[PDB]
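Below is run_25.pdb, holding PDB, C-alpha atoms and all ligand atoms.
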ATOM      1  CA  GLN I  17      67.410 -35.349 -39.568  1.00  0.00           C
ATOM      2  CA  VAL I  18      68.518 -32.527 -41.866  1.00  0.00           C
ATOM      3  CA  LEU I  19      66.329 -29.445 -42.283  1.00  0.00           C
ATOM      4  CA  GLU I  20      65.998 -27.682 -45.637  1.00  0.00           C
ATOM      5  CA  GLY I  21      64.576 -24.538 -47.200  1.00  0.00           C
ATOM      6  CA  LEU I  22      61.690 -24.433 -49.665  1.00  0.00           C
ATOM      7  CA  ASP I  23      64.136 -24.138 -52.567  1.00  0.00           C
ATOM      8  CA  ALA I  24      64.919 -27.834 -52.103  1.00  0.00           C
ATOM      9  CA  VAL I  25      61.297 -28.778 -52.767  1.00  0.00           C
ATOM     10  CA  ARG I  26      61.100 -26.570 -55.860  1.00  0.00           C
ATOM     11  CA  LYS I  27      64.221 -28.180 -57.338  1.00  0.00           C
ATOM     12  CA  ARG I  28      62.836 -31.665 -56.675  1.00  0.00           C
ATOM     13  CA  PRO I  29      59.015 -31.454 -56.562  1.00  0.00           C
ATOM     14  CA  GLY I  30      58.541 -35.039 -57.751  1.00  0.00           C
ATOM     15  CA  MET I  31      60.362 -36.261 -54.654  1.00  0.00           C
ATOM     16  CA  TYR I  32      57.654 -34.800 -52.410  1.00  0.00           C
ATOM     17  CA  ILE I  33      54.382 -34.897 -54.357  1.00  0.00           C
ATOM     18  CA  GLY I  34      55.211 -37.683 -56.804  1.00  0.00           C
ATOM     19  CA  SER I  35      54.749 -35.737 -60.036  1.00  0.00           C
ATOM     20  CA  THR I  36      54.021 -32.327 -61.556  1.00  0.00           C
ATOM     21  CA  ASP I  37      50.907 -33.262 -63.530  1.00  0.00           C
ATOM     22  CA  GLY I  38      47.281 -33.501 -62.416  1.00  0.00           C
ATOM     23  CA  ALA I  39      48.087 -36.120 -59.789  1.00  0.00           C
ATOM     24  CA  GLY I  40      50.800 -33.987 -58.206  1.00  0.00           C
ATOM     25  CA  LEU I  41      48.617 -30.884 -58.307  1.00  0.00           C
ATOM     26  CA  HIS I  42      45.889 -32.636 -56.320  1.00  0.00           C
ATOM     27  CA  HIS I  43      48.415 -34.022 -53.835  1.00  0.00           C
ATOM     28  CA  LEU I  44      48.691 -30.409 -52.662  1.00  0.00           C
ATOM     29  CA  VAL I  45      44.979 -30.449 -51.875  1.00  0.00           C
ATOM     30  CA  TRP I  46      45.260 -33.757 -50.018  1.00  0.00           C
ATOM     31  CA  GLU I  47      48.052 -32.415 -47.792  1.00  0.00           C
ATOM     32  CA  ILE I  48      46.087 -29.350 -46.688  1.00  0.00           C
ATOM     33  CA  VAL I  49      42.811 -31.249 -46.268  1.00  0.00           C
ATOM     34  CA  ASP I  50      44.473 -34.046 -44.264  1.00  0.00           C
ATOM     35  CA  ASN I  51      45.636 -31.442 -41.747  1.00  0.00           C
ATOM     36  CA  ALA I  52      42.052 -30.315 -41.188  1.00  0.00           C
ATOM     37  CA  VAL I  53      40.921 -33.954 -41.139  1.00  0.00           C
ATOM     38  CA  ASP I  54      43.582 -34.948 -38.590  1.00  0.00           C
ATOM     39  CA  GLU I  55      42.391 -32.094 -36.381  1.00  0.00           C
ATOM     40  CA  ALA I  56      38.779 -33.253 -36.684  1.00  0.00           C
ATOM     41  CA  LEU I  57      39.847 -36.825 -35.935  1.00  0.00           C
ATOM     42  CA  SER I  58      41.203 -35.522 -32.635  1.00  0.00           C
ATOM     43  CA  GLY I  59      37.699 -34.176 -32.033  1.00  0.00           C
ATOM     44  CA  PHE I  60      38.275 -30.519 -32.885  1.00  0.00           C
ATOM     45  CA  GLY I  61      35.861 -29.013 -35.405  1.00  0.00           C
ATOM     46  CA  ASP I  62      32.837 -30.661 -37.012  1.00  0.00           C
ATOM     47  CA  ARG I  63      32.945 -29.220 -40.533  1.00  0.00           C
ATOM     48  CA  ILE I  64      35.638 -28.779 -43.173  1.00  0.00           C
ATOM     49  CA  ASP I  65      34.929 -26.440 -46.086  1.00  0.00           C
ATOM     50  CA  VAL I  66      36.796 -26.643 -49.389  1.00  0.00           C
ATOM     51  CA  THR I  67      36.420 -23.943 -52.029  1.00  0.00           C
ATOM     52  CA  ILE I  68      37.816 -23.847 -55.546  1.00  0.00           C
ATOM     53  CA  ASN I  69      38.117 -20.098 -56.038  1.00  0.00           C
ATOM     54  CA  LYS I  70      37.433 -18.253 -59.297  1.00  0.00           C
ATOM     55  CA  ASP I  71      41.063 -17.169 -59.707  1.00  0.00           C
ATOM     56  CA  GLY I  72      42.115 -20.821 -59.589  1.00  0.00           C
ATOM     57  CA  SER I  73      43.249 -20.866 -55.964  1.00  0.00           C
ATOM     58  CA  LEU I  74      41.860 -23.350 -53.445  1.00  0.00           C
ATOM     59  CA  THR I  75      40.692 -22.733 -49.877  1.00  0.00           C
ATOM     60  CA  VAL I  76      40.452 -25.179 -46.977  1.00  0.00           C
ATOM     61  CA  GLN I  77      38.833 -24.026 -43.737  1.00  0.00           C
ATOM     62  CA  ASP I  78      38.333 -26.012 -40.549  1.00  0.00           C
ATOM     63  CA  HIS I  79      37.075 -25.147 -37.083  1.00  0.00           C
ATOM     64  CA  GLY I  80      39.707 -26.930 -35.024  1.00  0.00           C
ATOM     65  CA  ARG I  81      41.957 -25.326 -32.413  1.00  0.00           C
ATOM     66  CA  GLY I  82      43.799 -23.221 -34.972  1.00  0.00           C
ATOM     67  CA  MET I  83      47.514 -23.452 -35.743  1.00  0.00           C
ATOM     68  CA  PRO I  84      49.966 -22.074 -33.150  1.00  0.00           C
ATOM     69  CA  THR I  85      49.786 -18.274 -32.994  1.00  0.00           C
ATOM     70  CA  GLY I  86      52.842 -17.935 -30.770  1.00  0.00           C
ATOM     71  CA  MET I  87      56.494 -17.165 -31.468  1.00  0.00           C
ATOM     72  CA  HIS I  88      59.313 -19.554 -32.316  1.00  0.00           C
ATOM     73  CA  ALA I  89      62.906 -18.362 -31.990  1.00  0.00           C
ATOM     74  CA  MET I  90      64.055 -14.830 -32.886  1.00  0.00           C
ATOM     75  CA  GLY I  91      60.516 -13.455 -33.026  1.00  0.00           C
ATOM     76  CA  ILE I  92      59.636 -15.735 -35.933  1.00  0.00           C
ATOM     77  CA  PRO I  93      56.017 -16.972 -35.775  1.00  0.00           C
ATOM     78  CA  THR I  94      55.584 -20.709 -35.132  1.00  0.00           C
ATOM     79  CA  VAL I  95      53.301 -20.887 -38.164  1.00  0.00           C
ATOM     80  CA  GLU I  96      56.002 -19.346 -40.381  1.00  0.00           C
ATOM     81  CA  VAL I  97      58.419 -22.076 -39.295  1.00  0.00           C
ATOM     82  CA  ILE I  98      55.883 -24.764 -40.202  1.00  0.00           C
ATOM     83  CA  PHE I  99      55.340 -23.203 -43.635  1.00  0.00           C
ATOM     84  CA  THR I 100      58.963 -22.412 -44.560  1.00  0.00           C
ATOM     85  CA  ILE I 101      61.106 -25.184 -43.057  1.00  0.00           C
ATOM     86  CA  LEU I 102      61.195 -28.639 -44.636  1.00  0.00           C
ATOM     87  CA  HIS I 103      61.595 -31.390 -42.043  1.00  0.00           C
ATOM     88  CA  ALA I 104      62.764 -33.850 -44.704  1.00  0.00           C
ATOM     89  CA  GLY I 123      53.422 -31.257 -45.595  1.00  0.00           C
ATOM     90  CA  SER I 124      52.415 -27.613 -45.208  1.00  0.00           C
ATOM     91  CA  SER I 125      55.804 -26.291 -46.322  1.00  0.00           C
ATOM     92  CA  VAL I 126      55.679 -28.449 -49.461  1.00  0.00           C
ATOM     93  CA  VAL I 127      52.424 -26.839 -50.608  1.00  0.00           C
ATOM     94  CA  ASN I 128      53.794 -23.395 -49.768  1.00  0.00           C
ATOM     95  CA  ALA I 129      56.980 -24.106 -51.720  1.00  0.00           C
ATOM     96  CA  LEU I 130      55.001 -25.136 -54.799  1.00  0.00           C
ATOM     97  CA  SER I 131      52.618 -22.179 -54.643  1.00  0.00           C
ATOM     98  CA  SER I 132      52.941 -18.787 -56.338  1.00  0.00           C
ATOM     99  CA  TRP I 133      51.176 -17.511 -53.225  1.00  0.00           C
ATOM    100  CA  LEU I 134      49.627 -18.829 -50.011  1.00  0.00           C
ATOM    101  CA  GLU I 135      47.663 -17.292 -47.153  1.00  0.00           C
ATOM    102  CA  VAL I 136      46.946 -18.785 -43.739  1.00  0.00           C
ATOM    103  CA  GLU I 137      44.315 -17.386 -41.393  1.00  0.00           C
ATOM    104  CA  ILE I 138      44.081 -18.438 -37.755  1.00  0.00           C
ATOM    105  CA  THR I 139      41.177 -17.765 -35.399  1.00  0.00           C
ATOM    106  CA  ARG I 140      41.431 -18.251 -31.622  1.00  0.00           C
ATOM    107  CA  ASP I 141      41.100 -16.462 -28.273  1.00  0.00           C
ATOM    108  CA  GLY I 142      39.011 -13.683 -29.809  1.00  0.00           C
ATOM    109  CA  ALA I 143      41.583 -12.708 -32.427  1.00  0.00           C
ATOM    110  CA  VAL I 144      42.071 -13.378 -36.134  1.00  0.00           C
ATOM    111  CA  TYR I 145      45.629 -13.661 -37.472  1.00  0.00           C
ATOM    112  CA  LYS I 146      46.965 -13.880 -41.019  1.00  0.00           C
ATOM    113  CA  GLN I 147      50.275 -14.450 -42.786  1.00  0.00           C
ATOM    114  CA  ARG I 148      50.861 -14.269 -46.538  1.00  0.00           C
ATOM    115  CA  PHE I 149      53.583 -15.992 -48.578  1.00  0.00           C
ATOM    116  CA  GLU I 150      54.553 -15.374 -52.216  1.00  0.00           C
ATOM    117  CA  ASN I 151      56.800 -16.746 -54.970  1.00  0.00           C
ATOM    118  CA  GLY I 152      57.537 -20.218 -53.618  1.00  0.00           C
ATOM    119  CA  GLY I 153      56.785 -19.594 -49.960  1.00  0.00           C
ATOM    120  CA  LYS I 154      58.627 -16.358 -49.223  1.00  0.00           C
ATOM    121  CA  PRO I 155      56.893 -14.489 -46.378  1.00  0.00           C
ATOM    122  CA  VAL I 156      55.756 -10.994 -47.378  1.00  0.00           C
ATOM    123  CA  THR I 157      54.076 -10.332 -44.038  1.00  0.00           C
ATOM    124  CA  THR I 158      54.540 -11.631 -40.510  1.00  0.00           C
ATOM    125  CA  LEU I 159      51.717 -13.278 -38.570  1.00  0.00           C
ATOM    126  CA  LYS I 160      49.585 -10.184 -38.024  1.00  0.00           C
ATOM    127  CA  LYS I 161      46.285  -9.682 -36.219  1.00  0.00           C
ATOM    128  CA  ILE I 162      43.777  -8.566 -38.857  1.00  0.00           C
ATOM    129  CA  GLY I 163      40.624  -8.611 -36.743  1.00  0.00           C
ATOM    130  CA  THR I 164      38.545 -10.059 -33.928  1.00  0.00           C
ATOM    131  CA  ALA I 165      36.013 -12.835 -33.407  1.00  0.00           C
ATOM    132  CA  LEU I 166      33.923 -14.390 -30.650  1.00  0.00           C
ATOM    133  CA  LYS I 167      36.084 -16.017 -27.964  1.00  0.00           C
ATOM    134  CA  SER I 168      34.519 -19.399 -28.714  1.00  0.00           C
ATOM    135  CA  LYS I 169      35.414 -19.210 -32.409  1.00  0.00           C
ATOM    136  CA  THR I 170      38.438 -21.271 -33.456  1.00  0.00           C
ATOM    137  CA  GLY I 171      39.867 -22.570 -36.723  1.00  0.00           C
ATOM    138  CA  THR I 172      42.433 -22.545 -39.517  1.00  0.00           C
ATOM    139  CA  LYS I 173      41.949 -21.305 -43.075  1.00  0.00           C
ATOM    140  CA  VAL I 174      44.531 -21.911 -45.791  1.00  0.00           C
ATOM    141  CA  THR I 175      44.322 -20.619 -49.357  1.00  0.00           C
ATOM    142  CA  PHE I 176      46.981 -21.393 -51.959  1.00  0.00           C
ATOM    143  CA  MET I 177      47.630 -20.704 -55.631  1.00  0.00           C
ATOM    144  CA  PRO I 178      49.634 -23.569 -57.188  1.00  0.00           C
ATOM    145  CA  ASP I 179      52.713 -22.409 -59.109  1.00  0.00           C
ATOM    146  CA  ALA I 180      51.956 -22.495 -62.839  1.00  0.00           C
ATOM    147  CA  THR I 181      55.691 -22.492 -63.582  1.00  0.00           C
ATOM    148  CA  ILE I 182      55.941 -25.916 -61.938  1.00  0.00           C
ATOM    149  CA  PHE I 183      52.744 -27.842 -62.711  1.00  0.00           C
ATOM    150  CA  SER I 184      51.775 -28.841 -66.255  1.00  0.00           C
ATOM    151  CA  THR I 185      48.179 -28.184 -65.223  1.00  0.00           C
ATOM    152  CA  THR I 186      46.841 -25.888 -62.501  1.00  0.00           C
ATOM    153  CA  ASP I 187      43.202 -26.795 -63.098  1.00  0.00           C
ATOM    154  CA  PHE I 188      41.656 -28.400 -60.016  1.00  0.00           C
ATOM    155  CA  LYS I 189      39.187 -31.146 -60.916  1.00  0.00           C
ATOM    156  CA  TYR I 190      35.885 -30.921 -59.024  1.00  0.00           C
ATOM    157  CA  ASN I 191      35.017 -34.618 -59.366  1.00  0.00           C
ATOM    158  CA  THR I 192      38.445 -35.737 -58.155  1.00  0.00           C
ATOM    159  CA  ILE I 193      38.326 -33.592 -55.017  1.00  0.00           C
ATOM    160  CA  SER I 194      34.648 -34.414 -54.432  1.00  0.00           C
ATOM    161  CA  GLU I 195      35.393 -38.140 -54.327  1.00  0.00           C
ATOM    162  CA  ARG I 196      38.303 -37.627 -51.929  1.00  0.00           C
ATOM    163  CA  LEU I 197      36.211 -35.504 -49.557  1.00  0.00           C
ATOM    164  CA  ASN I 198      33.383 -38.048 -49.671  1.00  0.00           C
ATOM    165  CA  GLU I 199      35.816 -40.790 -48.654  1.00  0.00           C
ATOM    166  CA  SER I 200      37.391 -38.641 -45.936  1.00  0.00           C
ATOM    167  CA  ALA I 201      33.910 -37.926 -44.586  1.00  0.00           C
ATOM    168  CA  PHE I 202      33.041 -41.630 -44.505  1.00  0.00           C
ATOM    169  CA  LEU I 203      36.232 -42.359 -42.571  1.00  0.00           C
ATOM    170  CA  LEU I 204      35.870 -39.446 -40.134  1.00  0.00           C
ATOM    171  CA  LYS I 205      32.206 -39.938 -39.170  1.00  0.00           C
ATOM    172  CA  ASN I 206      30.077 -37.107 -37.753  1.00  0.00           C
ATOM    173  CA  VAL I 207      32.000 -34.419 -39.646  1.00  0.00           C
ATOM    174  CA  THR I 208      30.639 -32.418 -42.577  1.00  0.00           C
ATOM    175  CA  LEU I 209      32.912 -31.976 -45.588  1.00  0.00           C
ATOM    176  CA  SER I 210      31.859 -29.507 -48.277  1.00  0.00           C
ATOM    177  CA  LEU I 211      33.055 -28.623 -51.764  1.00  0.00           C
ATOM    178  CA  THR I 212      32.167 -25.432 -53.622  1.00  0.00           C
ATOM    179  CA  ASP I 213      33.299 -24.626 -57.159  1.00  0.00           C
ATOM    180  CA  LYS I 214      33.167 -20.860 -57.704  1.00  0.00           C
ATOM    181  CA  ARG I 215      34.075 -21.418 -61.362  1.00  0.00           C
ATOM    182  CA  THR I 216      30.846 -23.304 -62.078  1.00  0.00           C
ATOM    183  CA  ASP I 217      28.772 -22.689 -58.916  1.00  0.00           C
ATOM    184  CA  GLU I 218      28.808 -26.467 -58.333  1.00  0.00           C
ATOM    185  CA  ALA I 219      28.438 -27.485 -54.691  1.00  0.00           C
ATOM    186  CA  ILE I 220      28.098 -30.630 -52.575  1.00  0.00           C
ATOM    187  CA  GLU I 221      28.294 -31.744 -48.935  1.00  0.00           C
ATOM    188  CA  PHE I 222      29.164 -35.050 -47.264  1.00  0.00           C
ATOM    189  CA  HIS I 223      28.328 -36.276 -43.756  1.00  0.00           C
ATOM    190  CA  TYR I 224      28.207 -39.800 -42.322  1.00  0.00           C
ATOM    191  CA  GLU I 225      26.615 -40.709 -38.986  1.00  0.00           C
ATOM    192  CA  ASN I 226      27.426 -43.717 -36.792  1.00  0.00           C
TER
HETATM  193  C1  LIG I 301      43.849 -26.588 -43.245  1.00  0.00           C
HETATM  194  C2  LIG I 301      44.874 -26.677 -42.312  1.00  0.00           C
HETATM  195  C3  LIG I 301      46.192 -26.482 -42.703  1.00  0.00           C
HETATM  196  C4  LIG I 301      47.214 -26.570 -41.763  1.00  0.00           C
HETATM  197  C5  LIG I 301      48.529 -26.375 -42.163  1.00  0.00           C
HETATM  198  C6  LIG I 301      46.926 -26.851 -40.430  1.00  0.00           C
HETATM  199  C7  LIG I 301      45.605 -27.047 -40.042  1.00  0.00           C
HETATM  200  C8  LIG I 301      45.284 -27.312 -38.778  1.00  0.00           C
HETATM  201  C9  LIG I 301      46.124 -27.468 -37.754  1.00  0.00           C
HETATM  202  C10 LIG I 301      45.346 -27.708 -36.694  1.00  0.00           C
HETATM  203  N1  LIG I 301      45.699 -27.935 -35.421  1.00  0.00           N
HETATM  204  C11 LIG I 301      46.898 -27.582 -34.916  1.00  0.00           C
HETATM  205  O1  LIG I 301      47.810 -27.031 -35.529  1.00  0.00           O
HETATM  206  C12 LIG I 301      47.047 -27.907 -33.425  1.00  0.00           C
HETATM  207  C13 LIG I 301      48.506 -28.148 -33.074  1.00  0.00           C
HETATM  208  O2  LIG I 301      48.618 -28.407 -31.657  1.00  0.00           O
HETATM  209  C14 LIG I 301      48.133 -27.281 -30.905  1.00  0.00           C
HETATM  210  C15 LIG I 301      46.674 -27.047 -31.249  1.00  0.00           C
HETATM  211  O3  LIG I 301      46.552 -26.793 -32.656  1.00  0.00           O
HETATM  212  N2  LIG I 301      44.069 -27.697 -37.064  1.00  0.00           N
HETATM  213  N3  LIG I 301      44.027 -27.446 -38.375  1.00  0.00           N
HETATM  214  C16 LIG I 301      44.584 -26.956 -40.982  1.00  0.00           C
END
With the file now loaded, output its structure as structure tokens.
Ligand SMILES: Cc1cc(C)cc(-c2cc(NC(=O)[C@H]3COCCO3)[nH]n2)c1
Amino acid sequence: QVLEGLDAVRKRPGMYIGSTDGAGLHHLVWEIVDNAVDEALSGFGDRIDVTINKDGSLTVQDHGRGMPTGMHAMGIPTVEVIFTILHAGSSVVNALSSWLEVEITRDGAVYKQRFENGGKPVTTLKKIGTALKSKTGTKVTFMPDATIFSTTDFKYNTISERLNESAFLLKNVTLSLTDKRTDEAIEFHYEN
């Protein structure tokens, strides 16, 4: 198993997300959402909020355990390793984004790391604030690289359908979509 940098993804994006059109663009969304969904499947967090931001970026927030806030080797944050080392999901999105921010909440603290220009870290994982001890979760916001995708316009209906389906499969978890470009909004939740 050979590890690679994010440059490898950028030179061969089709190999990881299939294409660089609308389908490939939305694959980025699926990757980030599936992480939140996987966490909820394990029973952590009961709502997953997706927001299409006005600047074109997209936000996914869950209330699971939060990504690891600890250190890897050489003082490098565990989360930075996940977002910058290709084990060939998260790193792929980061590599194909002009910028990405990840915010982690756990143990009364709120941490944040920011990446730019294809996943280059411009900060470390720094504590930016505090929260209630019970509050946990992960928030990821990314701006897809316009120099890679033929379209960077997220389609509300496409994402809405995918979240609806994810909600039906999860059960007892609320999935929401909010379009800040049009003020459109919707929520999905299926009981059992
Ligand atoms: C939106 C999004 C994006 C990413 C990369 C991870 C996650 C995420 C990851 C997790 N859970 C974890 O990372 C687990 C990993 O095992 C220790 C406890 O935390 N919940 N949510 C959510």
Surrounding residues as number ranges by chain, ligand LIG 301 (chain I), max 8 Å, all atoms listed in the file: I: 48-56, 60, 76-84, 98-99, 123-124, 136, 171-174
Point-to-point distance in Å for atom CA of residue 32 of chain I and atom CA of residue 134 of chain I: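 Going from atom CA of residue 134 of chain I over to atom CA of residue 32 of chain I, I get 18.0 Å.
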Neighbours of point (56.2, -35.9, -55.2) within 12 Å, using only C-alpha atoms, written as a PyMOL selection string: chain I and resi 25-44+47+123+126-127+130+183
Go ahead and dump the residues you just picked, C-alpha atoms, as an mmCIF file, keeping the file's coordinate frame.
data_model
loop_
_atom_site.group_PDB
_atom_site.id
_atom_site.type_symbol
_atom_site.label_atom_id
_atom_site.label_comp_id
_atom_site.auth_asym_id
_atom_site.auth_seq_id
_atom_site.Cartn_x
_atom_site.Cartn_y
_atom_site.Cartn_z
ATOM 1 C CA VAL I 25 61.297 -28.778 -52.767
ATOM 2 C CA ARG I 26 61.100 -26.570 -55.860
ATOM 3 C CA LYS I 27 64.221 -28.180 -57.338
ATOM 4 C CA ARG I 28 62.836 -31.665 -56.675
ATOM 5 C CA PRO I 29 59.015 -31.454 -56.562
ATOM 6 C CA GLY I 30 58.541 -35.039 -57.751
ATOM 7 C CA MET I 31 60.362 -36.261 -54.654
ATOM 8 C CA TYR I 32 57.654 -34.800 -52.410
ATOM 9 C CA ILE I 33 54.382 -34.897 -54.357
ATOM 10 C CA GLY I 34 55.211 -37.683 -56.804
ATOM 11 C CA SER I 35 54.749 -35.737 -60.036
ATOM 12 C CA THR I 36 54.021 -32.327 -61.556
ATOM 13 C CA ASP I 37 50.907 -33.262 -63.530
ATOM 14 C CA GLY I 38 47.281 -33.501 -62.416
ATOM 15 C CA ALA I 39 48.087 -36.120 -59.789
ATOM 16 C CA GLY I 40 50.800 -33.987 -58.206
ATOM 17 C CA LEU I 41 48.617 -30.884 -58.307
ATOM 18 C CA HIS I 42 45.889 -32.636 -56.320
ATOM 19 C CA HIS I 43 48.415 -34.022 -53.835
ATOM 20 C CA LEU I 44 48.691 -30.409 -52.662
ATOM 21 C CA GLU I 47 48.052 -32.415 -47.792
ATOM 22 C CA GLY I 123 53.422 -31.257 -45.595
ATOM 23 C CA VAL I 126 55.679 -28.449 -49.461
ATOM 24 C CA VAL I 127 52.424 -26.839 -50.608
ATOM 25 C CA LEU I 130 55.001 -25.136 -54.799
ATOM 26 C CA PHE I 183 52.744 -27.842 -62.711
#
Explicit residue set for the PyMOL selection byres (((chain I and resi 221) around 6) and not hetatm), as a VMD selection string: chain I and resid 209 to 210 220 222
d(atom CA of residue 64 of chain I, atom CA of residue 206 of chain I) in Å: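 Going from atom CA of residue 64 of chain I over to atom CA of residue 206 of chain I covers 11.4 Å.
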Counting all atoms listed in the file, the option among I:177, I:201, I:165, I:156 closest to residue 128 of chain I: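 Closest candidate: I:177.
You can rank I:213, I:163, I:197, I:131 by their closest distance to residue 46 of chain I using only C-alpha atoms, and at the top of that list sits I:197.
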Residues matched by the PyMOL selection byres (((chain I and resi 141-150) around 7) and not hetatm), written as number ranges by chain: I: 132-140, 151-167
Length of the atom CA of residue 19 of chain I to atom CA of residue 182 of chain I vector [Å]: 22.5 Å
Nearest to residue 70 of chain I by atom-to-atom distance, counting all atoms listed in the file, from I:191, I:17, I:168, I:216: I:216
From I:57, I:45, I:66, I:22, residue lying nearest residue 212 of chain I [all atoms listed in the file]: I:66
From I:21, I:226, I:63, I:58, residue lying nearest residue 125 of chain I [only C-alpha atoms]: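 For residue 125 of chain I, the nearest of the candidates is I:21.
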